[PDB]
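Geometric and topological summary
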Amino acid sequence: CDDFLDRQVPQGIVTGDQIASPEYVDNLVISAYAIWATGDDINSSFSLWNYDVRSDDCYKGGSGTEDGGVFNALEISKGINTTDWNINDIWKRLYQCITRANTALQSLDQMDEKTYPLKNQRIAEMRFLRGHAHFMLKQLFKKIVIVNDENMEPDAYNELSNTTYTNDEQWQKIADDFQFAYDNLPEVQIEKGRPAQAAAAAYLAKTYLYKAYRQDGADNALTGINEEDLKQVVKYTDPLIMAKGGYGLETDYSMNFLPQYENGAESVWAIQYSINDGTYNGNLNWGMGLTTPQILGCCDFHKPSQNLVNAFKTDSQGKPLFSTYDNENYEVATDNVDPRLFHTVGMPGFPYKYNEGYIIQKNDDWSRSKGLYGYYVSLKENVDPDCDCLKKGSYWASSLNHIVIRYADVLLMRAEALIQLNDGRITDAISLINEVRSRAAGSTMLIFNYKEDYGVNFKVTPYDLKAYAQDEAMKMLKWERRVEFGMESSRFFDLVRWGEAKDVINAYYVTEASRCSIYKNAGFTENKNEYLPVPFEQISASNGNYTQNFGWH
Amino acid sequence: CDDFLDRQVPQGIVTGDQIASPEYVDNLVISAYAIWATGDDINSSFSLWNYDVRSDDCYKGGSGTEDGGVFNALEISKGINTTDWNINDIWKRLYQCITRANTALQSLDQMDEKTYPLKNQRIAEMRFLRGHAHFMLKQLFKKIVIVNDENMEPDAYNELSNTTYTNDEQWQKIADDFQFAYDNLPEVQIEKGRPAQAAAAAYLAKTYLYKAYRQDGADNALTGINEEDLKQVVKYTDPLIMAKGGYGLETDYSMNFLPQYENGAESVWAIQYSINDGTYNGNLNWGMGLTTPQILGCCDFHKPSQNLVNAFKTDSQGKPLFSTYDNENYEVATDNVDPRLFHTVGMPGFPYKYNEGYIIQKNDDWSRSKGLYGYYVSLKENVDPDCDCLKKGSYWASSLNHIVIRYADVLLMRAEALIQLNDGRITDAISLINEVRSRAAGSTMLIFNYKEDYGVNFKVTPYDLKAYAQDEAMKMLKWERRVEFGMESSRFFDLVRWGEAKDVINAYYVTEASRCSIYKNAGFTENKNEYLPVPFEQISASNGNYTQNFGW
Amino acid sequence: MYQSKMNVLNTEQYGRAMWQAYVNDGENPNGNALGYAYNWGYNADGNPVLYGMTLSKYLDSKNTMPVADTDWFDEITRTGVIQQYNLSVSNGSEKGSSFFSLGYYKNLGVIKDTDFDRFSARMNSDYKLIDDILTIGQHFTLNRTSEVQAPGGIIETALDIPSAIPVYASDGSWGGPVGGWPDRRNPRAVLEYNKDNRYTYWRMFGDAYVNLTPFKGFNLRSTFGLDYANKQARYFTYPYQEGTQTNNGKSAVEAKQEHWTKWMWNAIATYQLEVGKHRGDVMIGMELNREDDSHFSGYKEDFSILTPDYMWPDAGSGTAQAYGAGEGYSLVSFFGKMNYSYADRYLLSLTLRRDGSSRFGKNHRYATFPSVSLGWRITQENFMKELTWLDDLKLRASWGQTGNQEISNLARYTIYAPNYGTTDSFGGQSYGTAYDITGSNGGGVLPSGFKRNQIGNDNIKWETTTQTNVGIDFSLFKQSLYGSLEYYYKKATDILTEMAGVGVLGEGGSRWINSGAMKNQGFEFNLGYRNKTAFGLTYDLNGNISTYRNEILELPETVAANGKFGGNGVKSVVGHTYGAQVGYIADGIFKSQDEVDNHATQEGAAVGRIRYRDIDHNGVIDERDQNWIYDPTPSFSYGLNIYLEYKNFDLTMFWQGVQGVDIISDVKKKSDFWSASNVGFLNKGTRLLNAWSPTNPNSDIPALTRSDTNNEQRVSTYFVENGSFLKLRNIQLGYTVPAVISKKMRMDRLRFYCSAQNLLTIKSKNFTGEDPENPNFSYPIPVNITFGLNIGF
Amino acid sequence: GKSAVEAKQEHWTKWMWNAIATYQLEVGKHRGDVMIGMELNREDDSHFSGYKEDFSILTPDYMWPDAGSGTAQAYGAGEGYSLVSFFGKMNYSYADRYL
Ligand SMILES: [Mg+2]
Ligand SMILES: [Mg+2]
Ligand SMILES: [Mg+2]
Ligand SMILES: [Mg+2]
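Here is what the cut-offs are and how they apply
For each chain, positions are counted from 1 along the sequence as written; this may not be the entry's numbering. Residues without coordinates are not shown. Think of it this way: whatever chain is written first is A, whatever ligand is written first is 1, and the rest follow in order. Scope of values: limited to the chains shown, which are part of a larger assembly. Heavy atoms from the whole structure form the basis of all side-chain values; hydrogens and water molecules are not counted. Residues with missing side-chain atoms are left out of burial classes, side-chain pairs and their counts. A pair of strands is labelled paired if DSSP reports no fewer than 2 bridges between them. Secondary structure counts use DSSP, requiring at least four H or I residues in a row for a helix and at least two E residues in a row for a strand, with both numbered from the N terminus. UniProt positions are given in the numbering used here, feature names are shortened, and annotations may be inferred rather than shown by experiment. Each residue gets one of three labels from its accessible area relative to the maximum for its type: buried under 20%, exposed over 50%, partly exposed in between, using a 1.4 Å probe on protein chains only. Throughout, a residue-residue contact means that at least one pair of heavy atoms, one from each residue, lies within 4.5 Å. In the analysis that follows, any N or O atom pair within 3.5 Å is treated as a polar contact, provided that within protein one partner can donate a hydrogen and the other can accept it, and provided that, for residues neighboring in sequence, both atoms belong to side chains. When two components associate, each loses some accessible surface as probed by a 1.4 Å sphere; the sum of these losses over both components is called the buried area. Here a salt bridge means any side-chain nitrogen of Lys or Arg lying within 4 Å of a carboxyl oxygen belonging to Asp or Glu. In this analysis a donor is any N, O or S atom within 2.8 Å of a metal ion (3.2 Å for sodium, potassium and calcium), and since water is not included, sites may seem incomplete.

As stated in the entry header, the method of structure determination is X-ray crystallography and the reported resolution is 3.100 Å.

**A short note on the sheet that holds strand β18 (residues 451-454) of chain C**
Here we have three strands laid out as an open sheet, ordered β1(B)-β17(C)-β18(C), and antiparallel in their pairing. Each edge of the open sheet carries a strand with a single partner, namely β1 (14-15) of chain B together with β18 of chain C. One ladder, built from three bridges, connects strand β17 (residues 415-417) of chain C with β18(C); its direction is antiparallel. Paired with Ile415(C) across the strands is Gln454(C), a residue of β18(C).

**What to know about the UniProt feature "binding site: Mg(2+) 1" (unreviewed entry) in chain C**
UniProt records the feature "binding site: Mg(2+) 1" (unreviewed entry) at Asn441(C), using the numbering of this structure. Relative to the elements of secondary structure, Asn441(C) occurs in the loop between β17 and β18. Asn441(C) sits in the buried class, given a relative accessible area of 19%. Setting aside its immediate chain neighbours within four residues, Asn441(C) contacts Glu262(B), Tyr273(B), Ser274(B), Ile275(B), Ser399(B), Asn401(B) and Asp436(C). Of the polar contacts made by the side chain of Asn441(C), one reaches the side chain of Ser399(B); its length is 3.1 Å.

**Structural notes on the interface of chain D and chain A**
At the interface, 18 residues of chain D touch nine residues of chain A. At the boundary of chain D with chain A, total buried surface from both sides reaches about 1000 Å², with 56% on carbon and sulfur atoms. Summed over the three residues of chain D that lose the most area to chain A, namely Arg42(D), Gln73(D) and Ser82(D), the buried surface amounts to 37% of that side. Along the contact surface separating chain D from chain A lie zero salt bridges.

**Concerning the coordination of the magnesium ion (ligand 2)**
When four donors bind a metal tetrahedrally, each ideal donor-metal-donor angle is 109.5 degrees, and when six bind octahedrally, the ideal angles are 90 or 180 degrees. Residues and elements named next belong to chain A. Only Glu 262 (OE), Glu 262 (OE), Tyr 273 (O) and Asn 401 (OD1) from the protein coordinate the magnesium ion (ligand 2), and they sit 2.1 to 2.4 Å from it. Between the donor residues of the magnesium ion (ligand 2), the gaps in sequence give the motif E-x10-Y-x127-N. Linking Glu 262 in the loop between α8 (239-243) and β3 (269-271) with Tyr 273 in the loop between β3 and α9 (306-310), this pair joins segments that are 11 residues apart in sequence.

**A look at the UniProt feature "binding site: Mg(2+) 2" (unreviewed entry) in chain C**
Residues and elements named next belong to chain C. Under the feature "binding site: Mg(2+) 2" (unreviewed entry), the UniProt entry names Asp 614, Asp 616, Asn 618, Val 620, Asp 622 and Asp 625. As for its position among the elements, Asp 616 is in the loop between β27 (610-612) and β28 (627-630). We classify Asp 616 as partly exposed; its relative accessible area is 23%. If we ignore the near neighbours within four places in the chain, the residues touching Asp 616 are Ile 621, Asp 622, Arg 624 and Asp 625. With respect to the helices, strands and loops of the structure, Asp 625 is situated in the loop between β27 and β28.

**A look at the pattern of salt bridges**
Inspection of every chain in the model, using the stated rule, returns 123 salt bridges over all chains. The partner of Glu125(A) in a salt bridge is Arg194(A), and the shortest N-O contact between them spans 2.6 Å. With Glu125(A) in helix α4 (residues 119-141) and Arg194(A) in the loop between α5 (167-184) and α6 (197-212), this residue pair connects regions lying 69 residues apart in the sequence. Side by side, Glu125(A) and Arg194(A) carry an identical accessibility label, which is buried. For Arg185(C), the salt bridge goes to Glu242(C), with nearest N and O atoms at 2.7 Å. Taken together, the residues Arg185(C) in the loop between α3 (154-159) and α4 (187-192) and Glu242(C) in strand β9 (residues 241-242) connect sequence positions 57 residues apart. Just as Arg185(C) is buried, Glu242(C) falls in that class too. Each of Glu266(A), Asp338(A), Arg340(A), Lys380(A), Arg406(A), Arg437(A), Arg439(A), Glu480(A), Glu484(A) and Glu488(A) takes part in a single network of salt bridges with overlapping partners.

Shown next as structure tokens:
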């Protein structure tokens, strides 16, 4: 009685022997984008903002140091365990992303280029997304497994190792995809969710920029700065490439953080959160659910630090205060200030995300922590409370896109790679730095009235096109990055690229403990803490194949 | 065991005693709006386009004369029975729109203006909506019941009469609502679906102008033309009123009947057909489901008439051929033509609604009747085949708004009133016809290329600002309406207002019958056919309170 | 098997019919939209003559749809086949007794791609707990049904899809219309696209009861019962593009659930006595009922695999809807009965009940109904006795009232629904209360409203029916001649109906009202003769004959005005018959131009058109013309049942019939005219081939035109024909195997039989065709023929 | 301020058929039981769900999917399995002594 057992079949399912079929191929593709909107978690967002509290830009926030324990252990660099659930969580989540790209890629390879001529352009998009995940993994773990053989069977996965490739051999495998996307992506994507050629180039460069700051040794310290790598960062940040895509700086800085201006000319590549779309409530950016301020009920995480608020101070010529900024807290009436601060930090006495009907104050309505963690509000991922684009799910979320590559990154990355090349091209990099600084100096749509209502003195000036030392131009480049990318969570990863991680974070730990007493027993450890531990669960399940990171055994 | 019978309550509804509740009021209000998108049928759209196959603009179309009999009977003025369902339907449907406005006003009348401060402003929209029905009911039937006591209990409705009011009192009762809506509506509505003070003026105008052409005898013939009535039309087409709302003409004629330009300066008031809105298939304009062309599979109704086509011809100087336009069919290579043709009538060898990949032809693909109704497509209600705004439900439909009052109709009503007032500002009234005519001369965005590609000769010219006889500015004015408002279901309703119903249709019946054999035995009966009969079934249920129209 | 149907045009005759219509109207027959090219001409007489037809192999200039001559009825029609078995077993000790029953019924529909099956189990039992004092018992029945139903009138839609359409297109796709052929979809394809829409229905119903006999002739007893049913199904939308019939690419699924739950409870005490020449029953009791039903549904569009294994709501990609509501009512009833007899001659019986219904206010919830009946067994009178051939003779007389509250569960309410518009329609008519107020074109949730579905009636009451019987039961010659004769007069008061509201009242003007009274009365006759002749032939005949007159008494003027009971709004009905109709009267047709002038000014009167007499007698037609033209009441109805047994053979018949009955129907509008419909070029009946023409006169049937200018489809006598008939309901011949040897195999009864249902009908000549007792239908009922056995033990 | 209603529904249907022959022997001291037979089982279950949002009256009597105004989700799928089983049995002894 054999016909009897073959009669019931699975219900509402494609079986993994029809998935490779051609009619599902674009289904695998769109599927591979979505997990960037759908596979993250309030405690593990793909902006990596949780793991940017380790830098000088922000605090954890919350009720207190007990609310989100494993994250206050990352902020102060004391108490991280190879077994903390959140480090394991992000390792598995990003590798889930790579599942959908490699499954898309598996089915794409068997397509006939004659029956399907978008074949290479989708392989390109799929390989571009694979490198997106790999890049973030490297930033977080350094010693990562390269999963880019999409024809691997599943049991072949138990033999993979994170030391198969050397650090510079790893970064080249990440580069190697971005490198492909550049060569096969079309120059304009009318569907803005897909990256254009310019995006892959931008991303190819960024990767070579991290690759150039060599860690060729057994430890995390720098072992050199490769010129052949930096010569690739300049190559793919060429404005000729960028212009082919229609990319550039926005008129006003705030345009990149407002729903009314999604996918403008600076959104080089972005994640397309959306509402009113058939999903249960989303596709919202749920991952930032903790960062919405107390005024909405919950939860007050991801607060800017004073060390960041003060870094927007400026002198009388409108330049930053490189040697004296953090001494005295920013006083609105006296000191000059970079406009970029009022699109980055929302401060007490000022309108919360430009809505004068909500003036931040210092009370139970704005600090869940009664001031333990301060009274500042990140603004680059929240929105106007009155926005039609803000729904309440588990936590509060918007459809405000997430920009992975802004174009100001294309320019400041280019400037850094010119300055460190010191082939006499430093004056072309100061011209880049000015483009970004001149823009911000004028970015006062929505805060123009702040001079007479709250007393704010705007003054930002570009640098005079003269001869500069390398070590000085690298200071001017770091500061432009500092103000331009506040709270956008590339911060800590910059300090680790520059090899300054230990010195800067420890200095910050000292300077700031008088202002946020959670930082009072903090201590970064050189050659240990520039990266996270390979998660214990993951080492332990590999049965010998995974090496841990330096300084964790 | 008296509790037992009382335990079960109605499920999933609100009972009548609670509808009057304050928190449901804005519910009622919106529901009164909706029915204008959802209350109609493919056989009875609220554009009345079905009852415009009476005029010289269009044909019925279809598979043939048998496909939709009762409407071929209206196209030729013969065979129209007082028992016909398409007439009983449109009557009932429009009165159903009035239920919703009346229910809303019943709640509104009771609100307390301390807490609900928009009380009068909402009352207006409802009274504005109530007029929109009575107005169309009047144009269709003339002898209409006047439903405006929103506190009428339902059984009192068996005692109503469509002769309680003299014909002019009825036009008056229609105006009285728009009068209220003018005095209470705000100047700007942030929610484009609501009428503004500009629209209630422009509808208060359109009403007093239909009233002016008096029919105060027992028949449907003109009995003069009232001056005090015409003088009100001027008051409420005042351009100082329109400017308070930003309402004017659009840069290009084609921007009114296009989705990309929904709700601009000329959309004085529109039904807001929407899609991707969580209804079954969208709140589309299902009523025009038959007017889509046969390339979509169905159905090829609302075919433009050759006599409309030819009335877009112009002379060398750029003016209509008032007396010779119809004698020779329009020939593209030689004649001069009004651009407005290419936004009204999709003709063979040309693109269908600006998509140059779909070229209208003379085959089974474009005419469902192998020619008997011609090869012209309406364009003003149809949309780009490739639009992301076009779905297939029972028939095909789109989200393209229906404009009930364009601003071109705010000016031409103002010129008509000044011309029939004849009091020296007739020269003003030509500069209104110029505004409309001058706009159309330059409406060649999207169709500029047609000169070199298809050989078209656009010439349209404004008239000289000189002295014109009255009966000549009434010739120039009837023509601007003809080439501005084609297929927009205003045509026949004009004629009857003008009281030249009998003459123009019969003479169009003759000249057109050598081209379209369905018209061959047509014939309009004077003082009978200017209106529809009151529907048999509606007369019959009054138990003798309702009066028939003259001639039936 | 379907044994008859309205015949429709051949694809050959479909063109003959059109050519004839075109040339009758004097336009070129060759400019048709379906062409169909003709070489016609004239006879030396001026008239047109068709010489021949040609159609060009494919229906379009692209050759996707070949020409066919489809028998669309034979195409969506099967021989139906029914099989059923049933096994039942009972056990009666004294102490108690149980019963058990299994059975199965399966039915291949006479419509293709349709089926139905049912399993039953019954399990009844009782127990005697105290030998003549406490019985306790239970009844139980369990059913499971599964059917794929035929779609809403497909046979109707098969008869008007021209035979020129093929079944399959030229690839092998589902064929369908192309061009200007009628917007009707291929029905054979409709059936296929439907074949996976199957419901599954379970129903449990029974009761438990205790009967307690506290002493002698007095016992009280309550019972309690439930009846729970449950229907679940999934309906599939699959995408179709056959000819011009597109869907464009719609896939959806709907999973719906229904739930009906009725429970009931009574308690009843009875006392009876018996004192020599004295007999009495008295009974007293009450009973509650309560039904709560309820339903809901889940809808999802767009599926990557088009198979019922994949199309579950979870696998849907596109948009979704959710539907469902519920309703219910409860009835309460108190009652008593009186029974008394003197000796056994004079009997008396009174009943009184007070019933209350959820459906009403409480000013009218309850309503009391009394009844009294009494007989007189005359043959027990001792003065009679001497006759002795007269076996029995009673003289009955009853009078009682009974209620009706079978109306909508929400009758009394003004109902306002929030109907947002989540639900299918046709050609518009959402009636949806949701609007894009902002002018944004949507992409979101619109603001919604409320909408009236009904006006209430908070003074709505029971429909009381007063009824009065009197009869004479007789039996003669050793109970060989038995029968009855009675006479009834039924008078109903405050008739409950749902009343469509006047037009200007607008949306949801319907309400439930009481509208007056109606009269019904007549006679019944029953006569049986059962004997057995010398040569051993048992026979038992038992016929019936009936007659009744119906009269509408009073009516609200509005209700009489709007022709619902109902004289079409041209004449009231009070004083006539429920269902009487006023209409124009057709006196044949005009046979030349002279008869048209020699007859009142009739709007569209031409040569060959229908001539309607003038009853004005004012020389014009207008609308006052008409009178009463239809009457539903038959002259009398009759029936006769024949049983025979001879030599183990066993033959039974049952004849029913009615004579002298008016019948009104619409089927002629599809069989006599080319244009008496609202959609062009649908297929038509076979008979308009014999319409009047120049070349063919003295036909009753008007000529053929492309439009209904003469208003032929006005209420006329053209559509009233004679519905007299004589139906042979059932015939069944049986062989019973002699017990002497059916016992040899441990049996007792062992019989085989053959049987037919609706074998033949005997109809009037004046009837166009099909079923006289279903005039509205273009097809008859299907003919059954059965083989079967019974087994005895 | 969320209002919603989910109308869930589950079905579970198992059916089972078997055939069992049993012979048993008893020759004085000896005693036997041999049985043989087979049995088929099948379970098919299923469930579906209608969800709807936004209700002007927050009472279970109002909150049916029909009365909803906001947006709707629909849910459901099914599963099932079958088992076949063949089987025999031996039993034996000398009169309640060795078994
Ligand atoms: Mg930190
Ligand atoms: Mg977005
Ligand atoms: Mg016409
Ligand atoms: Mg719209």
